[PDB]
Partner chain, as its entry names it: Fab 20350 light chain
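Take a look at this one chain, the form deposited without its partner chain, written out in structure tokens.
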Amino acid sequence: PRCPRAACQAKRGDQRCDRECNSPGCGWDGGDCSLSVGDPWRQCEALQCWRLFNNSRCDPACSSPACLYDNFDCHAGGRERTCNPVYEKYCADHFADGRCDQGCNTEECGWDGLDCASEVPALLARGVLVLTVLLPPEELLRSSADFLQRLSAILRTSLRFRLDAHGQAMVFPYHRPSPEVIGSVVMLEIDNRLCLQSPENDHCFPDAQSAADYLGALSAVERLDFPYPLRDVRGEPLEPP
């Protein structure tokens, strides 16, 4: 039993992050603190890396994909690490409005919702990123630009709602577990069309579950800054047509 605190057993999965249980040995409070991701560092080949993820400093031995790129500490420095708080509201409002805004045309601001790269062929990561957000579908879609801009900025790549055959967003109602609609189950595409080529420069997620892990890690170390009631994240495969 890698979880030495007894009181933690009763509290894993209760839908509440319990900070006394937020450790690898306690599975990040049974996933309550890591957006349900069991172990975000499952594939990481170096044991010290989860401890160096949150330091805003490049740790080269932790910069592999499997080690979640050291929270991009080695690929983005200085002003390029965050969208300028002063420009954020503008970028959120002009995201995917069909007109190119070069000042938002960066991976840290969300690539302007691809307004500047719309003729570049889509390059989707494998699978679908599935998010549970405690906002009903109509309310969630009412601020889809802000939601997608901020989530794109966090993942430093382009995100959008996956659409069905009739052009409708794959956003489904979420019901209170064992009734009423409490939130949304959101399905997203990850478009990596603006990613870098060289092994040293590339810092995109090749599949949905990889991006989920990174988000889970941001939550585990109290670094995720996303103004939405985000409950869980995961990657799912899709069958072929």
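Positions refer to the first chain, counted from 1. Shifts are known only where both forms have a C-alpha. What we label the rigid core is the largest C-alpha set whose atoms superpose within 1.5 Å from one form to the other.
The discussion below concerns the form deposited with its partner chain bound, not included here.
Interface residue among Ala66, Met187, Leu52, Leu194 relative to its partner chain in the entry with it bound, by the heavy atom within 4.5 Å criterion: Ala66.
Contact check for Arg142: every heavy atom lies farther than 4.5 Å from its partner chain in the entry with it bound.
In the entry with it bound, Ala61 approaches its partner chain with a heavy atom inside 4.5 Å. Although the partner is absent from this view, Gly30 stays clear of its partner chain in the entry with it bound, with no non-hydrogen atom inside 4.5 angstroms. In the entry with it bound, its partner chain sits beyond 4.5 Å of every heavy atom of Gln48. Contacts between stretch 187-215 and its partner chain, counted in the entry with it bound as any heavy atom lying within 4.5 Å, involve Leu196, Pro206, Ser210, listed in sequence order. With the core held fixed, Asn55 shows a CA shift below 2 Å between the shown form and the other one. In the core-superposed comparison between the shown form and the other one, the C-alpha atom of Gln43 has shifted by less than 2 angstroms. Between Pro199 and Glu80, the Cα distance is smaller in the entry with it bound than in this structure, by no less than 3 angstroms.
Relative to what is shown, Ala122 and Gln197 are closer in the entry with it bound; their C-alpha atoms differ in spacing by at least 3 Å.
Core-superposed comparison between the shown form and the other one: residues with C-alpha shifts of 2 Å or more form a single run of three or more, at 196-201.
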